[PDB]
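*Asks:* Chains as they are written, first to last, in the authors' numbering: chain H, 2 to 207; chain 9, 1 to 36; chain M, 2 to 143; chain K, 9 to 173.
From the three backbone atoms N, C-alpha and C, an ideal C-beta is built for every residue, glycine too.
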Amino acid sequence: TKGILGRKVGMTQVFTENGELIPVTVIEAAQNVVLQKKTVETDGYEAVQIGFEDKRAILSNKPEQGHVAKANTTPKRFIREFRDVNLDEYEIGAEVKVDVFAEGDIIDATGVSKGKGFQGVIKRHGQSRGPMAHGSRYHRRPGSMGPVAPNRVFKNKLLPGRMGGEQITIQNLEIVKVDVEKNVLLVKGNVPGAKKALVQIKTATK
Amino acid sequence: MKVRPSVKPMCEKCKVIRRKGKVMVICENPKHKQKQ
Amino acid sequence: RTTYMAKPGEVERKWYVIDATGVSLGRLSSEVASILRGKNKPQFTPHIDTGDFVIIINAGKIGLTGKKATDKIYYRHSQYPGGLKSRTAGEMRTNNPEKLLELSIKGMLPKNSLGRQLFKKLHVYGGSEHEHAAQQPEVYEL
Amino acid sequence: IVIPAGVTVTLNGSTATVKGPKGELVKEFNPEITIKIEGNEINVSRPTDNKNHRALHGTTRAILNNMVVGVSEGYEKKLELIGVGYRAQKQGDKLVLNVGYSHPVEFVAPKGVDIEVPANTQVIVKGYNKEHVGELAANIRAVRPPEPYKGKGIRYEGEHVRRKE
RNA sequence: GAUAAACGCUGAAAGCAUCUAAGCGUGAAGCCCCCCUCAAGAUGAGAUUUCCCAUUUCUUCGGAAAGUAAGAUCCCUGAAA
RNA sequence: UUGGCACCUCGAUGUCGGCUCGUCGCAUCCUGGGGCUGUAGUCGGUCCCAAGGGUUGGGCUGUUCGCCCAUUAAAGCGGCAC
Ligand SMILES: [Mg+2]
Ligand SMILES: [Mg+2]
Ligand SMILES: [Mg+2]
Ligand SMILES: [Mg+2]
Ligand SMILES: [Mg+2]
Ligand SMILES: [Mg+2]
Ligand SMILES: [Mg+2]
Ligand SMILES: [Mg+2]
Ligand SMILES: [Mg+2]
Ligand SMILES: [Mg+2]
Ligand SMILES: [Mg+2]
Ligand SMILES: [Zn+2]
């Protein structure tokens, strides 16, 4: 199992050799370094900790500087662990390049979905509106809070609240192209998050 | 299988047994299989 | 008037280690509850906690008579609609015996703030090894 | 229970190991029931006349008898495929049956059992552990049990199948 | 992975027979995992890596307060929020 | 369900159908597993296990219900102040 961290650049399309036209997400994944290897002896589980994008000194603190000094690298914007990887691969301070993947490799893209703020039950939970005419005074409301008997509301009565900004994993995206000199992956279809969003690309669990 | 509170031999070949605290009759004739 | 009342940290609380091997889950639990509560000491004071600390070892070998292994069900409700989970005493003695004894003993402790403090004095281990050697635990017989 | 020539029977606490020419067996019995091992003959002892003991008594006798007879002349369960295009091929340690499915069905024998196939129409299962022989034999019959209309499928050699129109 | 109904194997009680009593196996969209998300206020408050260091005056005593370290905040420019 | 009784509520416990939102039971409509069959096959019948998910859109009527049209793997039956 291989993994890397990139920023979502944006979406475009590419023509396949077949002639078909597919939508792609451009993930730029430059400056991935291996910072720390966690073992069963030390931390109780196997994981490699990858630091992604370089960060100006003044934006880091002494705790951070000490951590990346162990891997002879500069402070890193994003640090994430990958489990299920082979620790024999990965040396501390080693760069992790996008060529760990090849065209046709099936990957799982994990990121934080775009923020929609406070949202009602219609957008947040796909509930039905009440009628818009015929005397209706019910339109974008949550529906009955429940029966009478349990003098209270059950625990999964879906209601308005903050909508996006959740971690999402899209499973089984094909890698379409891998450009090493540009540190670019092209992934068929879309991945969560706004442009510039952190995206964690790892080999498909399935 | 006949599942019924009244389980009893339906012919001479029918044997009444108990499996897992359940009365049943087993028989050469499969129609006579009964469990209580 | 004159009846003695224990003060907090007055009565010497001792560490006991008890082998669960082959003892009925109850029977072990009921004796341990009494030790935790301090019912075996004449200084016993109902509002204070004068009891001892108890380590139980070999909880995986705890006895379940009859068909309790398969038929004694432990329920949990999440408080979500239809959120009732169930485990057999048998499965829980195999996988989470520390949990099995804690449930059993928790039920036999007073259902109050002091009862919740008493539960903190109970250490259960599936195997023969604990890590409370520093507390110099003394073997206790039922 | 008579012990034949070549067999050596030993008792270690409750368990009893039996090592002979055909193979070697280990089976753990209930403790309270005691076994008196002698050079020629084996007499199993029952302490009390309680329902539990009456049952275990006959079982300890039966299994020990089966174990000893097991390692002597060996156990043989014979099977007989019926129906057009029903055959069995032996290739390596795998018994490959073609019994009318779109896929072929294959069996790899456990430790101490053999599946030699004289003719394509019949199968024979050799072994010393009678229950291991019985199970594998049943598992092979389980693939296509005999149907009641034309009698097609895998049957035991002595088996009597009920027939219909 | 373990099971339901069910099917068996070996097998006595009950010289036979019998899937069951001891003992083995098969066996469901169901159970427990696997998959996705939250999650140590899990007060049982866990773990790993890294950073800062043992200051001053008091308090008989325990402790107290008052400059700081690493670090954080106020305030300000903002949006991907 | 049709009822019996008159125990809470007459200084008010809003009553049918629909909508919205469901949630629960299993006596299971579909899908999964299975026994018997007057089970050749394809279809079925009947019983057992099974509540994970699923279980349509119209015409008529305030309707519930029901009939009908056209689908569907299926168009389940009940409880939650009908
Ligand atoms: Mg936003
Ligand atoms: Mg609508
Ligand atoms: Mg309006
Ligand atoms: Mg309540
Ligand atoms: Mg038999
Ligand atoms: Mg299995
Ligand atoms: Mg499905
Ligand atoms: Mg009256
Ligand atoms: Mg009033
Ligand atoms: Mg049912
Ligand atoms: Mg109503
Ligand atoms: Zn009969």
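Just the chain H side, please: which residues come within less than 8 Å of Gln80 (chain M) by C-beta, in chain order?
*Replies:* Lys156
*Asks:* Just the C-alpha distance for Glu96 (chain H) and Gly127 (chain M), rounded to the nearest angstrom, thanks.
*Replies:* 45 Å
*Asks:* DSSP three-state label for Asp100 (chain H), please.
*Replies:* helix
*Asks:* Going along the chain, which residues of its own chain have a beta-carbon closer than 6 Å to the beta-carbon of residue 145 (chain M), five neighbours each way excluded?
*Replies:* The structure shown does not extend to residue 145 (chain M), since chain M is modelled only from 2 through 143, so no value can be given for it.
*Asks:* Taking Cβ to Cβ, would you say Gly162 (chain H) is nearer than 8 Å to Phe155 (chain H)?
*Replies:* no
*Asks:* Pick out the complete beta strand (DSSP E) segments inside the segment 3 to 46 of chain M, 3 residues or longer, and give them in chain order.
*Replies:* Secondary structure remark: continuous beta strand (DSSP E) runs of at least 3 residues inside the segment 3 to 46 of chain M, in chain order: 16 to 20.
*Asks:* Quick check on this structure: which residue in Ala70 (chain K), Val169 (chain K), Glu114 (chain K) and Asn106 (chain K) has the alpha carbon closest to the alpha carbon of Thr129 (chain K)?
*Replies:* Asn106 (chain K)
*Asks:* List the residues that DSSP assigns as beta-bridge partners of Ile108 (chain H).
*Replies:* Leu174 (chain H) and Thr204 (chain H)
*Asks:* If you follow the beta strand (DSSP E) that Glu29 (chain H) is part of, which residue opens it and which one closes it?
*Replies:* Segment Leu22 to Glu29, the beta strand (DSSP E) holding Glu29 (chain H).
*Asks:* Do three or more CB pairs link the segment 3 to 11 of chain H to the segment 48 to 64 of chain H at distances below 8 Å?
*Replies:* Contact between the segment 3 to 11 of chain H and the segment 48 to 64 of chain H is present, with at least three C-beta pairs closer than 8 Å.
*Asks:* Could you check the C-alpha separation between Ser129 (chain M) and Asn59 (chain M) for me, to the nearest Å?
*Replies:* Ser129 (chain M) and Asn59 (chain M) have their C-alpha atoms some 5 Å from each other.
*Asks:* Just to confirm, does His78 (chain M) get its C-beta within under 7 Å of one of the non-hydrogen atoms of ligand 12?
*Replies:* Incorrect: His78 (chain M) has no Cβ contact closer than 7 Å to ligand 12.
*Asks:* By the DSSP assignment, the alpha helix (DSSP H) with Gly67 (chain H) in it spans what residues?
*Replies:* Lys63 to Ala70
*Asks:* Taking DSSP's pairing of strands, which residues face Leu103 (chain K) in a bridge?
*Replies:* Under DSSP, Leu103 (chain K) shares a beta bridge with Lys98 (chain K) and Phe115 (chain K).
*Asks:* Counting along the chain, where does the alpha helix (DSSP H) carrying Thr95 (chain M) start and finish?
*Replies:* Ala90 to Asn96
*Asks:* Can you tell me where the beta strand (DSSP E) with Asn51 (chain K) in it begins and where it stops?
*Replies:* First-last of the beta strand (DSSP E) with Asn51 (chain K): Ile50 to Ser53.
*Asks:* Excluding the five sequence neighbours on either side, which residues of its own chain have a C-beta within less than 6 Å of the C-beta of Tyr83 (chain K), listed in chain order?
*Replies:* Leaving aside the five residues that flank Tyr83 (chain K) on each side, the residues in its chain whose CB is nearer than 6 Å to its CB run, in chain order, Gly135, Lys138 and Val141.
*Asks:* How close, in whole Å, do the beta carbons of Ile45 (chain K) and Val17 (chain K) come, if the pair is a contact with beta carbons under 8 Å?
*Replies:* 6 Å
*Asks:* For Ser6 (chain 9), count neighbouring Cβ atoms within 10 angstroms of its own Cβ and tell me buried if that reaches 16, exposed if not.
*Replies:* In summary, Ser6 (chain 9) is exposed, with fewer than 16 beta-carbon neighbours lying within 10 Å of its beta-carbon over all protein chains present.
*Asks:* Cβ of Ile162 (chain K) within 8 Å of Cβ of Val151 (chain K)?
*Replies:* Yes, they are a contact pair.
*Asks:* If you measure between the beta carbons of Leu36 (chain H) and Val69 (chain H), is that distance less than 8 Å?
*Replies:* yes
*Asks:* Flag this pair as touching only if the segment 111 to 128 of chain H and the segment 54 to 63 of chain H have three or more C-beta atom pairs under 8 Å; answer yes or no.
*Replies:* no
*Asks:* Give me the DSSP bridge partner(s) of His78 (chain M).
*Replies:* Under DSSP, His78 (chain M) takes part in a beta bridge, and its partners are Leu85 (chain M).
*Asks:* Quick one: what does DSSP say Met24 (chain 9) is sitting in, helix, strand or coil?
*Replies:* strand
*Asks:* Is any heavy atom of ligand 1 found at a distance shorter than 7 Å from the C-beta of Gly121 (chain H)?
*Replies:* no
*Asks:* With DSSP as the reference, label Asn157 (chain H) as helix, strand or coil.
*Replies:* The three-state reading of DSSP puts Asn157 (chain H) in coil, since its state is none of H, G, I, E or B.
*Asks:* Have a look at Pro30 (chain 9), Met24 (chain 9), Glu12 (chain 9) and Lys20 (chain 9) and flag the residue whose alpha-carbon is nearest the alpha-carbon of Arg4 (chain 9).
*Replies:* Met24 (chain 9)
*Asks:* Cα-Cα, which of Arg62 (chain K), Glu81 (chain K) and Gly93 (chain K) is closest to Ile11 (chain K)?
*Replies:* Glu81 (chain K)
*Asks:* Name the two residues that bound the continuous beta strand (DSSP E) containing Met12 (chain H).
*Replies:* Counting along the chain, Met12 (chain H) sits inside the beta strand (DSSP E) bounded by residues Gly4 to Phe16.
*Asks:* Which of the three DSSP states, helix, strand or coil, is assigned to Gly45 (chain H)?
*Replies:* coil
*Asks:* Report the residue from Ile56 (chain M), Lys40 (chain M) and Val55 (chain M) whose alpha carbon sits nearest the alpha carbon of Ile49 (chain M).
*Replies:* Ranking the options by Cα distance to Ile49 (chain M), first place goes to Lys40 (chain M).
*Asks:* If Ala21 (chain M) sits next to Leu102 (chain M), beta carbons under 8 Å apart, how far is it from one beta carbon to the other, in whole angstroms?
*Replies:* 7 Å
*Asks:* When you compare only the Cα positions, how much space is there between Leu123 (chain M) and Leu88 (chain H)?
*Replies:* 40 Å
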